[PDB]
Structure formats: C-alpha cells, structure tokens
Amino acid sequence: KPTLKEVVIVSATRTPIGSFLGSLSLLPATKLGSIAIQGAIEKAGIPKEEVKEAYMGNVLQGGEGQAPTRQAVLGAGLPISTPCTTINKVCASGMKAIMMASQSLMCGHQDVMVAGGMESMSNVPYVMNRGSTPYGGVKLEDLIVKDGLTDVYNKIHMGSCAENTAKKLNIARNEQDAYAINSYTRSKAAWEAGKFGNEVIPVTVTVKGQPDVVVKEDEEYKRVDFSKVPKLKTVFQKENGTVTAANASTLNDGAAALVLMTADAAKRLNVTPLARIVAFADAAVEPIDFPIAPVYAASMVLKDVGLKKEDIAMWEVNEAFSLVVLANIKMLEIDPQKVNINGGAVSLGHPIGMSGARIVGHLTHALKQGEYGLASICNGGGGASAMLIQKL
C-alpha cells in the first residue's frame, strides 16, 4: 500500500453567491475566480509565489475565452509560471478539483496548490450551430439548459429525473417543502449569527458614472415567501409533481478557492493548517438516478477509512434539490440535525462549478477540533463525489 504525503487545508474562501442576473452578474466567472483565489492566499498568510499549480471547476466554459483557470490565476496576480487546468465533472467539479489537487500533493508532484470552482450563470451564452441556416428559421439554444441541466440519455431536465426518485422512495411535496423552508431558515440564522465571517469575502462592483455597490452577503436566501411555498406550481412535472422553484436549487454566480499543501510545506511556511483531507471517492449510477449516487460515494469513503456514520459530526450533502437531501437522509439513516446545518444550495444558490468547493470550505470553518466532516455532491450523468476531512 502506497506511502503518501499528508494533505492539509490552510484556507478556504469564497465570494458571496449572487442571484441570476443579480448582484454579481456584471462579473465574468474568471473574475469571481480571481477574487476567491486572492482572498484564499491572503487568508493562508503565504507568498503568492508559493502556489505551484491551480485546478478550478467550471461547467459552462463557452464564451469565457481561452483557459479560464489561467485567466482566474493571472487575474489574481499569481506568477506567469503557474500551470493551470480547468475541471468539469458537472455539479461535482469544485470537489473533483480539490480531489485531483490532493492526488498531485499526495504523489509529491507539488507541495502547495490552489483548488476550487467558479461559475457565472448570468453570463452563459446561447449557441447557434455551424453550417447553413435551415429554411423556416431556427431556435438558438440556451447553454444553461443544453450543457448544464438536461440529461443526455433521458432527454429531460435534472428536475424531472428528481421526480423519478421522489416516486421510488415515497418522498412527497410536503416533506420537500418543509426541508426547503428549513434550508432558508438555517441560511438566515447562520448569516445573522455571523457564521460566515471568515469564509466569505465582500465584492465591490464598480460601474463608470454610478455609485459603487459592496456585496457582502449571499443574495438568494432573502428571495423567498414562506406563505407562497406550498401554493407554487410543480414546473418539471405538471401531473403528480413534487419539485418546485422554491424547493429546487436556483441559478447563480459565485467562486470558491482553497489553499492546499503537504503537512511538510505547512511547517516550512510556519502556517497553521485548518483540517486534514482524509479520503475521497467517486461513484456512479443510472443517469436518471443521480440523486442517490452520493449515498454510495459517502459509504465508500467511510468503508475505506473504517469509520461508521455516527462518527461524522457534520454532513454537507449538496442541496441540488430538497429531494436529493431527503433521499440521502432516508437511505443512510443519519440524524437530520447534523445535515446542512447552516443552509445550502436550495436557499443559498447553486453556481454549479463552485458548489463542490464551497461545501468543503464550509466544513473546514464550521467543524470543531478533532471532529470529522463528510461532504457529498451529485452530478449530471448519474455521478457523485464525496470527501472526508478532520478538523485540526
């Protein structure tokens, strides 16, 4: 069995998450990426020159220009000698980036890296095929819908795949609506309690001839009306539906970044690590059955390390849909009071390439010394990633 370098997280920072066409919509994903990368190096207390390589998750790259990760990195003022790779595992991209960076560090191939995710759904373009215009016209397709939200094999929206799981596991509209209100409640309380003080950095939006706007908290959690929640119409299934706009995640803009290093490099640089990356895994199922893939990924991680579900102090199961979280709670049989305790994607929003990084960053700050955190995240195609960390 290989003898590997130990991998630690020294910082984890993110921009606030902006609403679709909302507060951060004038900023390209690469600029949000630059902001999170700069913030994370500042918080790590290290020279920018120490960062050897960068990986960033980013699902909808069309129209962002050549090499998005290179743009974010050079935009953050890191050396032109820094190699860059952009990662796409759909909704899992931000986590898979951290995983792959960890593997490089484990091998001794680099001693310090930046890893995370970025997405500007506000700036995702429409496409027109190459070739000749057909008589009678054409619809130009929305890349959010075509590349981001539509299952290739079933030719249906992610939300309609979720209805499939709602059926099999008997997870009703009222249960999903209750989970959703719970998420919005938890997000608000966390923000009010100042729980994001270290994690989130403000972004100043500048427009020539107009006043500056400082965006210092997540935009999405205030965009709800609890009285309307149970009256909303089910968009992805008109007949016997359970998923709505309120209980599903939303379209958003944001970036997150982590400074990762070997335990050795943390010592050399006289920095105090926050958590240790212990294990991680990918699992896959039938594409339509993506909501349950995180069950299997999580069990793999637990089994690999020889821990039991009860050993986990804090769970982050990405809230792609309220259904997804409930499906995981049911199948794993874990205590819901330990799941997504400070809100999640249903109320905070889902910039798809960054969510995987955000949830790992959140565990890092929220866990108490010695406690174990497990983050898992489903993705388009029938996949999931999961990661176990231990607070230091």
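Heads up, when I say rigid core I mean the largest set of C-alphas that superpose within 1.5 Å between the two forms. Numbers for residues come from their place in the sequence shown, where the first is 1.
- Between 130-138 and 271-279, the larger mean CA deviation from the shown form in 6 other deposited structures of this protein, after core superposition, belongs to 130-138.
- Here 284-292 and 195-203 are compared by their mean Cα B-factor, and 195-203 comes out higher.
- As listed in the deposited structure, the average C-alpha B-factor of 256-264 and of 232-240 is greater for 232-240.
- Per the PDB entry, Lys330 shows the highest C-alpha temperature factor of the residues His350, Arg70, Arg358, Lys330.
- The residue among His109, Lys308, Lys89, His157 whose C-alpha carries the highest B-factor in the deposited model is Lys308.
- Among the modelled residues of its chain, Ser102 has a C-alpha B-factor that falls in the lowest third, as given in the PDB entry.
- In the deposited entry, the Cα temperature factor of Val346 places it in the lowest third of its chain's modelled residues.
- Ranked within its chain, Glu119 lands in the lowest third, by CA B factor from the PDB record.
- Residue-level temperature factors show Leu392 in the highest third of its chain, judged at the C-alpha atom.
- Among all modelled residues in its chain, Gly45 ranks in the highest third by Cα B-factor.
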